[PDB]
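sharing the initial chains of the complex here, in place:
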Amino acid sequence: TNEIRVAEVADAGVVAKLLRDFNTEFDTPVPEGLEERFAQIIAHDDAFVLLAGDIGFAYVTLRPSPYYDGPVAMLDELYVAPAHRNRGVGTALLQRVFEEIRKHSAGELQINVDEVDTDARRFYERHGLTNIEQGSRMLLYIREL
């Protein structure tokens, strides 16, 4: 019931619902049109969504880098519904992210995370991700436009 699969265009509605649940949990805003945009992204772009049943997802983008022949991957969104956490779903999603980007010969996986999100940080650290390069923490700066 919760095996990991690659989302198809017709799955955009389920992905959108999970993203809304994610934003609702963290009291962050949602634009209209998530479903339509996910449908276009899944069909046409260098990006994919993995679904665990209807209870978790991972949204990955692939973009060019001069450092590698393959892309740099970014896990833009990762979410497991609260009642299904601490059961290995997130581990299985992340393992499948690494499996799928390996098919594309991706040179790196990147993930941005809030410092306050200590559970997610411990999860990523325990599954082979680091905040350190050249002996320094790495920070994300943004400007919304």
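Nice, I can see it. Numbering: from 1, shown residues only, chains lettered A, B, ... in the order given.

mind listing what's buried in stretch A:33-46?
Buried positions in stretch A:33-46, judged by neighbour count with 16 or more other C-beta atoms under 10 Å: A:34, A:35, A:38, A:39, A:41, A:42. For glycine as for every other residue, the C-beta is placed from the backbone atoms N, C-alpha and C.

what residues does that stretch touch?
With contacts defined as C-beta atoms under 8 Å, 6 or more residues apart in numbering, stretch A:33-46 is touched by A:7-9, A:11-13, A:15-16, A:19-20, A:47-49, A:61-63, A:71.

how about a cut-off of 10 Å?
A:6-20, A:23, A:31, A:47-49, A:57, A:59-64, A:71, A:73, A:104 (C-beta atoms under 10 Å, 6 or more residues apart in numbering).

from the chain's centroid, how far away is that stretch?
Distance of stretch A:33-46 from the chain centroid (C-alpha atoms, centre = their mean, to the nearest Å) equals 15 Å.

ditto for stretch A:85-96
Centre to centre, stretch against its chain (C-alpha atoms, centre = their mean), the figure for stretch A:85-96 is 12 Å.

what sits up against that stretch?
Contact with stretch A:85-96 is made by A:2-6, A:50-53, A:55-58, A:60, A:75, A:78-81, A:84, A:109, A:111, A:119-120, A:123-124, A:126-129, as judged by C-beta under 10 Å, 6+ apart.

at 7 Å what do you get?
A:2, A:4, A:50, A:52, A:55, A:56, A:58, A:78, A:80, A:123, A:127 (C-beta atoms under 7 Å, 6 or more residues apart in numbering).

build in chain B:
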Amino acid sequence: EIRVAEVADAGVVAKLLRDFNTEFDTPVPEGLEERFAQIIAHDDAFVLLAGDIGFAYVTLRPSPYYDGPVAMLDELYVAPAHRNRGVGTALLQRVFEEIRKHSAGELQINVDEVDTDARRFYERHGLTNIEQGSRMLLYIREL
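Chain B, in position alongside the others:
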């Protein structure tokens, strides 16, 4: 001034990225010029050049939050002898102008915490490390 690099400019861009990595003692892969020539040719990334002394490398990728892309300033560098004279400011100003032509919904930049001079530069030009009272971190795994 600042110009959008062409495939013919791949040698210059590669040289600057090499110089950047040499300055900070970080690894340089082979084939940078050839890879930049391929990347410049395609439609989801671009390089801005300040003469032959500075560059910005920007990627564009999809997001479900906007019709336009999320832009990332994956590399920004001005040659040491030309710093502190507004070149970086001009490059970043042109980054915003070019991604606006793509209706990009956000610009993202990852930077090391120890690069305090670069962070002061980004903060002075409208970038923030804070959301919901929390700093934002980058995690990676090299593959």
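
now with chain B: the contacts of stretch A:33-46?
Stretch A:33-46 is touched from outside by A:7-9, A:12-13, A:15-16, A:19-20, A:47, A:49, A:62, A:71, B:62, B:64, with contacts defined as C-beta atoms under 7 Å, 6 or more residues apart in numbering or on different chains.

and stretch A:116-133, what's buried?
By neighbour count on 16 or more other C-beta atoms under 10 Å in any protein chain shown, the buried set for stretch A:116-133 is A:117, A:120, A:121, A:123, A:124, A:129, A:131.

go on, stretch A:74-82?
A:74, A:75, A:76, A:77, A:78, A:79, A:80, A:81.

residue A:101 contacts residue A:73, doesn't it?
Yes. In this structure, residue A:101 is within contact of residue A:73 by C-beta atoms under 7 Å, at 4.3 Å.

so which of the contacts of stretch A:33-46 is the most crowded?
Neighbour counts for the contacts of stretch A:33-46, by other C-beta atoms under 10 Å in any protein chain shown, peak at residue A:15, which reaches 26 neighbours.

packing partners of the host helix or strand of that residue?
Assigned by DSSP states H and E, residue A:15 belongs to helix A:12-25. With contacts taken as 3 or more C-beta pairs under 7 Å, 6 or more residues apart in numbering or on different chains; DSSP states H and E, helix A:12-25 sits against helix A:34-44, strand A:47-52, strand A:72-80.

show me the contact partners of that helix.
A:7, A:29-30, A:34-35, A:38-39, A:42, A:49, A:51, A:54, A:57, A:77, A:79, A:81, B:64.

let's see it at 8 Å
Contacting residues not belonging to helix A:12-25 are listed as A:7, A:29-30, A:34-36, A:38-39, A:42, A:49, A:51, A:54-57, A:59, A:77, A:79, A:81-82, B:64 [C-beta atoms under 8 Å, 6 or more residues apart in numbering or on different chains].
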